[PDB]
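Quick note: the first sequence, position 26, residue 26 per the authors' numbering, numbers continuous.
From the three backbone atoms N, C-alpha and C, an ideal C-beta is built for every residue, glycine too.
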Amino acid sequence: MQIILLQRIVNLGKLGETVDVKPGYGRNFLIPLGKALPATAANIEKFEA
RNA sequence: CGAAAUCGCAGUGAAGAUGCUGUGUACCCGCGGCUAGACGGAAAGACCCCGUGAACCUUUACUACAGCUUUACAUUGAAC
């Protein structure tokens with residue numbers, strides 16, 4: 001899963017950087033608890049703006 | 001229950017004859033009894049054998065399946 005970081009978290013990357021995570025990690029923790037967003041054009045534009 | 005003008009004996013005969021041979025006996029027809037025979041009636045023998053027949057049962061017969069169980073992947077992630 002390609003995902004944009006919404007905050008610093010260890011061993012993955014910086015704020016706003018796009019990482020690849022395991023689908024379970026991305027789907028069950030980060031996105032539901034508001035630490036990242038799915039990697040789409042409409043979300044990268046939202047974050048950059 | 002094929003139809004009968006439906007006797008005994010010794011033989012003969014698909015090998016135990018009311019029906020064939022020889023012979024003996026016997027006038028025609030009932031009624032009351034009897035069950036020696038009509039291999040009597042009844043049930044396409046269940047005993048036995050056969051059929052590349054059936055069924056159900058058993059098992060360390062064959063081949064399978066349910067169920068149980070093992071591991072690989074997915075649901076399934078993070079850190080040391």
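Taking the C-alpha atoms as reference points, what is the distance between residue i and residue j?
{"i": "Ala41", "j": "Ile9", "result": "23 Å"}
{"i": "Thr18", "j": "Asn43", "result": "11 Å"}
{"i": "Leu12", "j": "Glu48", "result": "19 Å"}
{"i": "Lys14", "j": "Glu45", "result": "18 Å"}
Quick one: what's got a C-beta closer than 6 Å to residue i's C-beta in the same chain, skipping five residues either side?
{"i": "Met1", "result": "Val21, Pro23 and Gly26"}
{"i": "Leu6", "result": "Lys35 and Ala36"}
Grab me the residues of residue i's own chain with a C-beta within less than 8 Å of its C-beta, minus the 5 sequence neighbours each way, in chain order.
{"i": "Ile31", "result": "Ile3, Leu37 and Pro38"}
{"i": "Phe29", "result": "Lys35"}
Can you tell me whether residue i is helix, strand or coil according to DSSP?
{"i": "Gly16", "result": "coil"}
Which residues in the same chain as residue i place their Cβ atom closer than 7 Å to its Cβ, once the five residues preceding and following it in sequence are excluded?
{"i": "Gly16", "result": "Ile4, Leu5 and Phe47"}
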